[PDB]
Amino acid sequence: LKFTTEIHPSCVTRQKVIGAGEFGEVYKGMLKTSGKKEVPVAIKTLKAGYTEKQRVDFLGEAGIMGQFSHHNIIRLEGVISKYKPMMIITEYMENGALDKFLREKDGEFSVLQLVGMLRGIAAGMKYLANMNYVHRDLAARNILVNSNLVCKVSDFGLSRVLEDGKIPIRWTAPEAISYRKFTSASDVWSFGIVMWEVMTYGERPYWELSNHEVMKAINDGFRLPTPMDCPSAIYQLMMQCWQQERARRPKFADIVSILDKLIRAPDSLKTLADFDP
Ligand SMILES: Cn1ncc2c(N)nc(-c3cccnc3)nc21
């Protein structure tokens, strides 16, 4: 907790319940920081009657989050560790999880807007990779969206094991599943899956094909198909992220550079509807 500001509980106001977390309920609320405008926050609490492992994992997640300082990584405001219930306090992301958000807004964004969301995610991952942090659990359900449409990588939980706190197979690179080689290049594979989630407005990768069939299909060369209206350069980028040989995948710095070029040449993101309504 040397990486975290300790907050007195009288500075926090819980206002409404917004979800259930691994360790307890999550609230939207307000935080008073050092006689100034109170700021909106998300408040994760540790359920009373926690075990000692749960307490360590809970506070350890805040310790990890406090080591990061990037526009596209969720900002930790501080922790309450000296009073009960213990809390992790972060910036508030009004639009919630990216996958759920896009499913509710199906077809309601421009392609340029969606690509800008992907660029922000890639910038956050570029920052993490540069700090030698391998996420291992990158998926749209772990990216939060604020009222300005900024996407931020947001779940840094410690109690994570691979599926079959679960890391699901459908987002995981083949070498990480088969040989437990989790690296920034396996996070790049996961980023390709996120790109597909964004471009489909939150469809489930591989639909309801089973886990065993997924790993069989993938190791046979199957890849998710192009979403409707998806720019060719964007789908080809997903395909590069899904190269079987990890050394052939782009780095996150490459992904950011490519997405920036597409944003600068926006005609590259246009579909038929943009030429014939
Ligand atoms: C809506 N919002 N804004 C920030 C935030 C967060 N850090 N965590 C969560 C969250 C975390 C775990 C389960 N449900 C919600 N939601 C948040």
Side-chain angles (χ1 to χ4, degrees), residues 1 3-7 9 11-33 37-48 50 53-81 85-105 117 120-121 123-125 127-128 133 135-161 163 165-168 171 190 194 197-198 202:
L1 288 188
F3 309 117
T4 66
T5 295
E6 180 82 20
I7 296 173
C11 296
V12 176
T13 303
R14 285 176 269 172
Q15 294 171 309
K16 131 186 197 173
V17 177
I18 62 179
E22 179 186 338
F23 302 94
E25 289 187 282
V26 179
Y27 302 80
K28 183 265 173 186
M30 303 295 306
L31 173 68
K32 183 178 179 180
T33 69
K37 184 69 161 233
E38 308 213 5
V39 305
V41 289
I43 301 154
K44 300 202 278 206
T45 65
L46 184 53
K47 69 182 183 176
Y50 54 85
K53 186 202 175 206
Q54 282 172 321
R55 192 194 73 88
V56 170
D57 292 357
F58 182 79
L59 292 185
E61 173 177 339
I64 294 297
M65 289 183 44
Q67 294 171 50
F68 306 136
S69 187
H70 188 271
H71 181 60
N72 298 100
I73 303 291
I74 187 86
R75 179 176 82 253
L76 175 73
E77 289 285 344
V79 304
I80 295 181
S81 54
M86 308 181 71
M87 305 181 167
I88 292 171
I89 303 171
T90 72
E91 69 182 303
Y92 183 60
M93 305 293 283
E94 171 179 284
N95 285 313
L98 175 61
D99 64 330
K100 183 178 179 180
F101 180 61
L102 291 182
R103 280 195 293 268
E104 190 197 14
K105 308 292 185 198
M117 287 174 193
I121 295 161
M125 292 306 302
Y127 170 85
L128 289 179
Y133 184 82
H135 191 282
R136 311 186 178 217
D137 195 30
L138 179 59
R141 71 184 204 273
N142 286 334
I143 296 160
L144 295 171
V145 187
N146 74 12
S147 63
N148 297 323
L149 300 182
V150 179
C151 292
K152 304 189 186 212
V153 182
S154 292
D155 194 282
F156 298 90
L158 281 57
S159 195
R160 296 294 180 263
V161 312
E163 200 202 10
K166 283 183 182 250
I167 304 179
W171 282 260
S190 300
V194 172
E197 291 187 275
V198 170

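We count ligands from 1, going down the list as the structure has it; atoms in each ligand are counted the same way. In what follows, every heavy atom counts, from backbone to side chain, and hydrogens, waters and symmetry copies are set aside. For the single chain, residues carry numbers from 1 onward in sequence order.
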With atoms numbered from 1 as shown, which atoms in ligand 1 lie under 4.0 angstrom from a non-hydrogen atom of [X]?
X	value
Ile18	1 (C)
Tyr92	1 (C), 3 (N)
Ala42	2 (N), 3 (N), 4 (C), 5 (C), 6 (C), 17 (C)

Measure the distance from [atom] to every protein heavy atom, then report the residue, atom name and distance (to 0.1 Å) of the closest one.
atom	answer
atom 6 (C) of ligand 1	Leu144 CD1, 3.6 Å
atom 10 (C) of ligand 1	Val26 CG1, 3.9 Å
atom 1 (C) of ligand 1	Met93 O, 3.3 Å

Under a 4.0 Å heavy-atom limit, does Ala20 contact ligand 1 with its side chain, its backbone, both, or neither? backbone

Contact partition for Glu91 relative to ligand 1, non-hydrogen atoms under 4.0 Å: backbone

Answer whether the closest heavy-atom distance between the side chains of [X] and [Y] falls below 4.5 Å.
X	Y	result
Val79	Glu6	yes
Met93	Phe101	no
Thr90	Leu144	no
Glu197	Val194	yes

Under a 4.0 Å threshold between the charged nitrogen and the carboxylate oxygen, would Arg160 count as salt-bridged to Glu22? yes

Where is the tightest heavy-atom contact between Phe156 and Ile73, given as atom of each residue plus distance? CZ-CG2, 3.7 Å

Parallel, tilted or perpendicular: ring planes of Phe23 versus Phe58, cut at 30 and 60 degrees: perpendicular

So is there a nitrogen or oxygen of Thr90 less than 3.5 Å from a nitrogen or oxygen in ligand 1? yes

